[PDB]
Every structure is written in C-alpha cells, then in structure tokens.
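Shown here is one chain on its own, the form deposited in one PDB entry, set out as structure tokens.
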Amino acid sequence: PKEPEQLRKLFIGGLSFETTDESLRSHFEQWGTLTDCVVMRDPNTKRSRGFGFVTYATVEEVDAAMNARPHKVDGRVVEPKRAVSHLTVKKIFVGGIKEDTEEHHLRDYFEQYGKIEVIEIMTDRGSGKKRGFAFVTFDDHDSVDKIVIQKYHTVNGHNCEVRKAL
C-alpha cells in the first residue's frame, strides 16, 4: 500500500535556469527512488521557470531529502518544500490539551518532528489558569509541514487539534 502521491512530492524552488530534468534527478536520487522529476519550463521558449518537482517512492525518502538540506543543485542553493495540503511557517497551534498538559509533554512529542525553539502554554490573563492550548515554534518549516498532514496527534493522552499558526 503506497502513500498518496501528494505526500511523496517535493516542490523545488530557486533552481538554476540551467538545471534539467536529468540534473535535478541525478541530484535528488541520492536520497531515494524518484518516480517523477520535472523542471518547469515556458511552453514557447523552453526557458526554465526556476522551479520544479520530484516525487519519491516513499515518505521516508522525502524525509531523507529534507534532512539533507541545504541542497546545492547545479551550483545554486534551492528551496524544497512538501506539496500543499504553500503557507510556510515555523509555528503551530496545539489545541485540546486541557489543564494537565505541561511543557515536557509537548516537548517530548514534538521534538521528533524538528528542533523546538519556543513552547508557549497559554494561560488566562486574569486567573493564570491553563486555557487548554499551546503554541510550539520550530527552527524550520518542514517540522510544521510534517505535523499538519498527520490525521492524529496524541499528547498526554489527549487527541489534539494541530494547525499552522500565523
């Protein structure tokens, strides 16, 4: 059973105009099997539009490619991003954590998606009581992109609602 193709794609921006289907493929095949690899071009001039996409056989291969950033492809540092589900942010809202979820619950779970820089457990401005949601800020957007395409997040026994924040 193959993961949906949308979740196996990487959009690559900032290409050198000299990058070709073949040179993009040779580069990104270092991190997995590519079922598709396309440089986008003008339909009339054939001049590169400066971006393209690669499709891996598995999500773990996408992860490997993202973990190998920065990618310098044909002399230029490119910008890979997972396909849209792009709203490129480093912060998530985590809701449904109730009053008993602490910083270490959130850290122990989310640190396996990426490097955490800030955890903000929200409290009532008047009483100081926990409001039941939090924000987590990572050092990079791919953490967030992995998180929000999951159907489920279980933290401290709570089924949480997680979305991109600002």
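In case it trips you up, residue 1 is the first one in the sequence shown, and so on.
- Coordinates are lacking for 4 to 9 deposited residues between residue 85 and residue 86.
- Set 2 to 10 against 157 to 165 and average the Cα temperature factors; 157 to 165 ends up higher.
- The mean Cα B-factor in the deposited entry runs higher for 92 to 100 than for the other of 76 to 84 and 92 to 100.
- Taking the deposited Cα B-factors for 27, 46, 141, 131, the highest one is held by 131.
- Between the residues 61, 42, 120, 111, it is 120 that shows the highest Cα B-factor in the PDB record.
- Among the modelled residues of its chain, residue 55 has a C-alpha B-factor that falls in the lowest third according to the deposited record.
The same protein also exists as the form deposited with a small molecule bound; that form is not shown, yet it is the one meant from here on.
- Looking at residue 40, you'd find a heavy atom of it within 4.5 angstroms of the small molecule in the deposited bound form.
- Taking the partner from elsewhere, residue 52 is found to have a heavy atom lying within 4.5 Å of the small molecule in the deposited bound form.
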